[PDB]
2 protein chains.
Amino acid sequence: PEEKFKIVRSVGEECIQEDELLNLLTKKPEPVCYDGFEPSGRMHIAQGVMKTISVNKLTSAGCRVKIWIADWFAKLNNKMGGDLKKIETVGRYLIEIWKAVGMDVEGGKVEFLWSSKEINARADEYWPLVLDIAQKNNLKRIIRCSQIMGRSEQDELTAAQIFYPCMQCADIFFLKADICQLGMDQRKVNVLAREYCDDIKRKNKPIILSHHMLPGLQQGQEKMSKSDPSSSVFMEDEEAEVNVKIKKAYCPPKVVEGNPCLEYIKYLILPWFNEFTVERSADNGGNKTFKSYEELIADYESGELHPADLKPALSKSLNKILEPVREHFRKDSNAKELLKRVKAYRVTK
Amino acid sequence: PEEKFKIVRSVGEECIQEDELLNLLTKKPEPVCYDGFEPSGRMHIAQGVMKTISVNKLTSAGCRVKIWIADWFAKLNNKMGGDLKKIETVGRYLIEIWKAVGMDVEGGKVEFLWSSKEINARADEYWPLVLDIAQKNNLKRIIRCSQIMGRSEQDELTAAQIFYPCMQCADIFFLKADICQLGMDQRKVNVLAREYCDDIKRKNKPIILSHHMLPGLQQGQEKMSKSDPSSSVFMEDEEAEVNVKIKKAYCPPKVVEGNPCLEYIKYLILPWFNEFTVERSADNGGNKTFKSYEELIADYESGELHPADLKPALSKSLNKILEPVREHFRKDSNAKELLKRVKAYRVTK
RNA sequence: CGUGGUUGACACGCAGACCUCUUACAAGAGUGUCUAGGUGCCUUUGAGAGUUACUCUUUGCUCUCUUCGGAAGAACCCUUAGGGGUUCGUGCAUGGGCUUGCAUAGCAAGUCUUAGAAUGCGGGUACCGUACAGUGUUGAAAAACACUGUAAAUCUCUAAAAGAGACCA
């Protein structure tokens, strides 16, 4: 079990109640992890590669991971104009990308679930729980959780934008979840779920594994936004476009803080290949391999590793990791049609 | 149609867009009526008998009436502690109550429908509507739709309590109703729904048929309260119970305003019996029969009809109205069991 | 913006931008490309009636003549030629004196300029260069002529928002 809490804790930067997670790993042989995915259009890299890495870490630890294709969450946030069929197409696109990028679906440990079909099948189990969470939480607590949706508390929130935390908190218990492996922004609704467990006196509270929020490619972008395609790497971005964005990616010399390129390295590459090789001419210090992020940041700050070397090796490696998905969507006809339809849709706020 | 227009109009104290109502009666041979009521315990007279009078008078106009069994909604309001089983038992109690009191169901024009059952059978049709109502209306408007559960906007609100108004407003297009026969009390959510569709630019708003809110037997009670059985005559109340409640009922001499006995006559006896007979000794002016309410008020204000004579006649007529219910619940085993269980349930605020 | 070409084509002095390559946004290379807007007016404007649980208001969708003349320009019907019957096209806030809150002059307000087209702004209305899709011609490439359109391609093809009068979990 020791390696296991290491393997899983490596999934998220923030882990609440580490001892209880250890207990769960020790006692219940196949913990169930989940994350929610609103199909809101083209999905950027932090969504694909980092999550594939995380789910692979979990399944290698023996965890069952449920990928919640949260369609009504997408409509509740008026994605795609709230269109059922476009949203279904986008979800199929996402599943295809995950299969292509190297997600261990064939392992039999990853199950992709639709909120509409699944919840439609057990409405009686769910809706009472939503009513209960909604009843046991005043409005203000629900509104504070709006950041799960990407909306501030000052946003004019539709009453559905008020219910949304209720359903998303409920899914935690609907799905009988053990580990909430999600992003930072899901932290408020996850705490809503624990305080609900406190209200309903369920001893077994869910473990919380909140993941690092991958920044946008431009300076000061705490997170990639689908609204700025140049600031977000899309998993279907082409070789040249990878290159262009990266070149345009912010990467000040000797400055690690707020330097996105180093962060994407840290959270994608070293997790992907265990090391980062910067290929350099003999005159400029020759080829160099970074097996760890500390070595990379040291060589970056000292000035031995300049951004002009990081970014090219960086985009090289990014295009490498992305090439299999390019090949899949070039080869698979249904995936190709899904890609064309998804790019044919307008991104909505 | 003018006959139909008058008949339907007489049901409610306030009838709105009378032009639209006349148009509907002329163009739709069988317009759709309904009532939504939380099964929250013992049935008092204003809720049973007045509703029976209105629904029967409407069905004689050829109208179809859908009685909305508000079990899921009642659970939203925590009736019987929100226990759906007790809610269902109370609903069966109330249905057999209407049957005993003289509903025209055998005419095939009255329909009892279950909110939980129908919503589950057509949840795909329902839930989107509630969402939409949530969207097009801010929080403040839905809280302004608070009353249809009862409290003012100031009392503490949970999120389920915010589902409720939009859920009723969705009931509208869920039921395909053209005229909504309910009390004055459904009003601000009524325009919640008109605003809803003005926004969708549909073409035909349904009519309201607002029933008078019957006061309690005590001074200053603008409406009946089940929290006060002493101010509430229950349709299963024995002759002694009715007589005592009427005796303690507020009825100042020569004062018509706020005299619940007079409104009780107006809305139960004259509508039910077409007349009101006050039995008095030859010395006390002898028996007098009131066919119209104005004659009753003229004699009452002039002092010829004293409360000592009005109250016994009121109690006699009310007991006459309630005797069929007593006989039904005395003879029918299932009705008697339902009565036992409903009386056994603590009316939960 | 100018140049030689009288002129269309053809090249040059400056900017910008679309695409590629590099490159840390920056920055640098490539002529593959393009780059004037006008001629014309209207458009601040009675009321009511309707937009799937009340009224009304701030706004939006439909029915009667569509307020200083209101269908501006267009289109449909009929003509000796002058004309006529019909439809569509319905923009939004302020002033300026009038007096005050202010010793008169910000901002607003009680009044009018049906609208001082005055101050700010879009849409439709023919023509033109431009560019392309389509026709016919001159045309060996290129270029050009005339018509439809676009230049702000296109629209809630109906998921129009808010506000004031009430009985809860």
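Residues numbered from 1 in each chain as written, not as in the entry; some residues may be left out. Chains lettered and ligands numbered in written order. Heavy atoms only, no water.

With that settled, consider the overall build of chain A. Scanning chain A from N- to C-terminus turns up 15 helices and eight strands. Scaling as 2.2 N^0.38, a compact globule of 349 residues should have a C-alpha radius of gyration of about 20 Å, and chain A matches this with 21 Å. Projected onto the principal axes, the alpha-carbon positions of chain A cover approximately 70 × 45 × 40 Å. Burial statistics for chain A: of 349 residues in total, 54% are counted as buried. Nonlocal contacts in chain A, meaning residues at least 24 apart in sequence, comprise 72% of its contacts between residues at least 6 apart. Across chain A, the mean location of the 54 positive side-chain charges is 3 Å away from that of the 52 negative side-chain charges. (Helix = DSSP H or I, 4+ residues; strand = E, 2+ residues; numbered from the N terminus. Rg over C-alpha atoms; globule rule 2.2 N^0.38 Å. Buried < 20%, exposed > 50% of the residue type's maximum accessible area, 1.4 Å probe, protein only. Contact = heavy atoms within 4.5 Å. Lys, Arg positive; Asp, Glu negative; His and termini not counted. Charge placed at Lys NZ, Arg CZ, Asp CG, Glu CD.)

In the vicinity of RNA strand C, 63 residues are found, and the nearest of them are B:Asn77, B:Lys136, B:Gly150, B:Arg151 and B:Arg202. Across the atoms of RNA strand C situated within 4 Å of the protein, the share located in sugar and phosphate is 61%. A distance of 2.9 Å is found between a base oxygen of RNA strand C and a backbone nitrogen or oxygen belonging to B:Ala177. For the surface near RNA strand C, the elements supplying multiple residues, two or more each, are α11 (239-248) and α14 (307-331) of chain A together with α7 (123-136), α8 (139-143), α9 (160-175) and α10 (187-200) of chain B. Considering each element in turn, the surface near RNA strand C owes the most residues, twelve residues, to α10(B). (Near = heavy atom within 4 Å. Polar contact = N/O pair within 3.5 Å; in protein donor to acceptor, adjacent residues only side chain to side chain.)

Next up on the list: the relation of the copies chain B and chain A. Of the transformation superimposing chain B on chain A, the axial component is 0.2 Å and the angular component is 179°, with the fit at an RMSD of 0.5 Å. Accordingly, the operation relating the two chain copies is best matched by a two-fold axis. Taking the C-alpha atom as reference, chain B places B:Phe163 closest to the rotation axis, 3.8 Å from it. Most of the interface of chain B is mirrored in chain A: 71% of its interface residues are interface residues there too. (Least-squares fit on C-alpha atoms.)

Let us look at the packing of aromatic side chains. Aromatic ring pairs are reported here in terms of the distance separating the ring centres and the angle at which the planes meet. Under the counting rule described, the total for this entry stands at 19 aromatic pairs over all chains. Both rings, one in A:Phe173 and one in A:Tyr196, keep their centres 5.5 Å apart while their planes meet at 45°; by these two values the pair is tilted. Of this pair, A:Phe173 sits in helix α9 (residues 159-174) while A:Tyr196 sits in helix α10 (residues 187-199), placing them 23 residues apart in sequence. With a centroid separation of 5.4 Å and an interplanar angle of 50°, the aromatic rings of B:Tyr93 and B:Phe329 are classed as tilted. Here B:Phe329 lies in helix α14 (residues 307-331) and B:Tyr93 lies in helix α5 (residues 84-101), a separation of 236 residues in the sequence. Owing to a relative accessible area of 3%, B:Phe329 belongs among the buried residues under this scheme. Cluster of aromatic residues (ring-pair linked, three or more members): A:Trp68, A:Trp72, A:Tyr126, A:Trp127, A:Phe174 and B:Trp127. (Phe/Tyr/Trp six-rings, centres within 6.5 Å; stacked < 30°, edge-to-face > 60°.)

Let us look at the environment of A:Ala313. Residue and element names in this part refer to chain A. Counting through the fold element by element, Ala313 comes out in helix α14. Between the alpha carbons of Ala313 and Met184 there is a distance of 29 Å; along the sequence they are 129 residues apart. Ignoring anything within four residues of it in the chain, the contact list for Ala313 reads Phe276, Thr277 and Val278.

All names here are of chain A. With numbering aligned to this structure, UniProt lists the feature "binding site: ATP" (unreviewed entry) at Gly36, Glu38, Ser40, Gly183, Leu214 and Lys226. In this structure, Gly183 is in contact with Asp35, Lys51, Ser210 and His211, ignoring residues within four places of it in sequence. Turning to its location among the elements, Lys226 is positioned in the loop between β6 (207-211) and α11. (UniProt positions renumbered as here; feature names shortened; annotations may be inferred.)

Moving on, we get to the sheet that holds strand β5 (residues 179-180) of chain B. All names here are of chain B. Strand order in this open sheet of three strands is β1-β6-β5, and the pairing throughout is mixed. Each of the sheet's edge strands pairs with one partner strand only, and the pair in question is β1 (14-15) and β5. Contacts from helix α1 (residues 2-11) reach β1, β5 and β6 (207-210) within the one sheet, and its direction differs from that of β6 by about 55°. (Pairing = 2+ DSSP bridges. Axes fitted to C-alpha atoms, helices over the stretch in contact; angles between N-to-C directions.)

The next subject is the pattern of salt bridges. Evaluation of the coordinates by the stated rule reveals 54 salt bridges over all chains. In this structure, the salt-bridge partner of A:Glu337 is A:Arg341, at a minimum N-O distance of 2.5 Å. With A:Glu337 and A:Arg341 both in helix α15 (residues 333-343) and four residues apart, this pair spans about one turn of that helix. Residue A:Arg341 is classed as partly exposed on the basis of its relative accessible area, which comes to 40%. One network of salt bridges, with partners in common, ties together B:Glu238, B:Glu323, B:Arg326, B:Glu327, B:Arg330 and B:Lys331. (Salt bridge = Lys/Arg side-chain N within 4 Å of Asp/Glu carboxyl O.)

Attention now goes to the packing of α7(B) against α9(B). A pair of packed helices is characterised by two quantities: the angle between their axes and the separation of those axes. All names here are of chain B. Axis separation between α7 and α9 bottoms out at 8 Å; the angle between their running directions is 125°. Of the possible angle classes, the one that applies to α7 and α9 is oblique. In this structure, the crossing between α7 and α9 has a hand that is right-handed. Where α7 approaches α9, its residues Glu125, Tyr126, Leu129, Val130, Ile133 and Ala134 are matched on the opposing element by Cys166, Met167, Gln168, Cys169, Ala170, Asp171, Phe173 and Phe174. (Parallel < 35°, antiparallel > 145°, perpendicular 65-115°, else oblique. Left-handed = near helix turned anticlockwise from the far one by under 90°.)

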